[PDB]
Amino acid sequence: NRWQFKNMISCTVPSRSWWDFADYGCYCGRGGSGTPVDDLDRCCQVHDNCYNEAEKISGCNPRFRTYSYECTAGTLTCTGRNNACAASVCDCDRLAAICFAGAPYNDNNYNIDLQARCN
């Protein structure tokens, strides 16, 4: 559920919007390529691998799967009422949001020329 992932980022980095991560580095946003360029970006790359794994699960659509979780005072928790797919995906997003709130945001890395930076 691409939407729930947005709520998570807010639940940990209230000072920003997912848009700030929508186009950052070589891997944040969606399709990755090249060298991570950054710890924050490295987070996004890992987030992809995570989805690639979760996608091995039968009919698991990471982007559209609505999982169950709760954000309480900055804390992210994936609840148990999820099944294999929802559980896996929830964890991916969950770990990304933490990785996000932990890495520094380099404005020079927003909107770069993938053509001359991610080869």
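Note that residue numbering begins at 1 and tracks the sequence as displayed.
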Which of 75 to 83 and 90 to 98 has higher mean CA B factor, as the PDB entry lists it
75 to 83
Going by the average Cα B-factor in the PDB entry, point out whether 42 to 50 or 29 to 37 comes out higher.
29 to 37
Quick check for you: using the entry's CA B-factors within this chain, is residue 107 in the lowest, middle or highest third?
highest
Quick one: classify residue 4 as lowest, middle or highest third of the chain based on its Cα B-factor.
lowest
Residue 19: which third of its chain by C-alpha temperature factor?
middle
